[PDB]
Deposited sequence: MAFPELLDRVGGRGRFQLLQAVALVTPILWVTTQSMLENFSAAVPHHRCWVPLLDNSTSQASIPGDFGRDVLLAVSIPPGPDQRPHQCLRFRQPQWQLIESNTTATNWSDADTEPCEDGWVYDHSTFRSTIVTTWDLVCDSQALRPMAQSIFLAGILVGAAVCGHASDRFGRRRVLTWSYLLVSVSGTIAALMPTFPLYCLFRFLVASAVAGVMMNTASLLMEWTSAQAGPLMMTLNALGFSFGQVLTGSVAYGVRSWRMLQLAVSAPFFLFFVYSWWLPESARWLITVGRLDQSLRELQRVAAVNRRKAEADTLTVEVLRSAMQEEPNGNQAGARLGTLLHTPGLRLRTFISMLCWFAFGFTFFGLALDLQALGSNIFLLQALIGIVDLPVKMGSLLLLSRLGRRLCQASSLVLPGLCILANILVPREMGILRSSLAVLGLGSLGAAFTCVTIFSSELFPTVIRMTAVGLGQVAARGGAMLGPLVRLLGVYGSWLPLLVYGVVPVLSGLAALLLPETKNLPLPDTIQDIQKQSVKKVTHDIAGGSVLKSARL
């Protein structure tokens, strides 16, 4: 009978707008802490330390000291034992440390801990560990927000994000940085599920479109907050602090938001629920029907399609979270991409949805997965002679893969007996954050050709979208 009390107490109005505003803002920084592994773990050009150069014809010394490399560059992993002055066979690996290029980044984690050359597989694992953390944090938090409430967990998760982000920026060794990022990811997943649920519960029956639109449209401007804070702070020890600092201020003000009124009824905390409903009504200024609440009323109140959705969610999660955490290979000028993956997400999603829904729901579902797969697949074909075309396709693709996140939820998830969609939307997400941990692991296949990662990242969504045409 809870919708009746909600209608008696409000619906739209004022409070349901300030709550949405105060809950949407953390989503931007939540995005910031997930795509931050693109400007923090950046790999600049690295060469081998030499006694002749870099103190104890500059080009002549560079040519005589380092053997030439395959890709029209000096070798990044080998050096001459002695100066081969015959150049107007016998080589050893770098043992005096590397020298890096300090022209766009001052200090990345790679520069600090030498994650190059033989120790290359370490870099694509710090993101898999992060996503695994997200999964294990979104699994536990489910059976946590039922014995602790729903508002307290959000505040403690804000505090945990703040503390873990601050601590992870002052570690002296790699494994501690891997572990504290794991904790950060778990807390971030908890924040994102609790915020979604809190936005869900307090709203009326019209929670379907508006709130789920606001959550996504929040992630988009998010990308543009990374782009920006980056252009500003370049180092890596001063970036994690500058990103995790706002969460403490968020926790400080999160102590006043009223707790969800539906959970309080089912556990027997009637008096606090009455107080929360009364304060919500007072905020909403609809203090006319609040008199009727005299406790007694609240006392009385107290298979093929599923598989197709699973594959669609899995394909969406795998390609995006494995080709968007490597934008240094999709082009150049990183502080422009990871900053245009957003202004090309909102017009594109709106226009594509509006145009393709009238054709049909299944046509819209199919057209949103084959298109970006083909777009990404075409990227390897075009040579590097024209940069603008080399970089244009990826933005539109990764942009349209974002369109699945919305299209496959507010237009999909009805492919079932149609009782309530909330028992299917959650089931889809387990595969997304359970295939992104199987994401950047594909980038570990840089050896044995460099085109295979892009080929896989393009073919998998293509096959998923094409098989989606086999619904009957």
Quiz prompt | Where the deposited sequence has no C-alpha coordinates (positions from 1, in order) | solution = 1, 58 to 67, 100 to 110, 325 to 346, 517 to 553
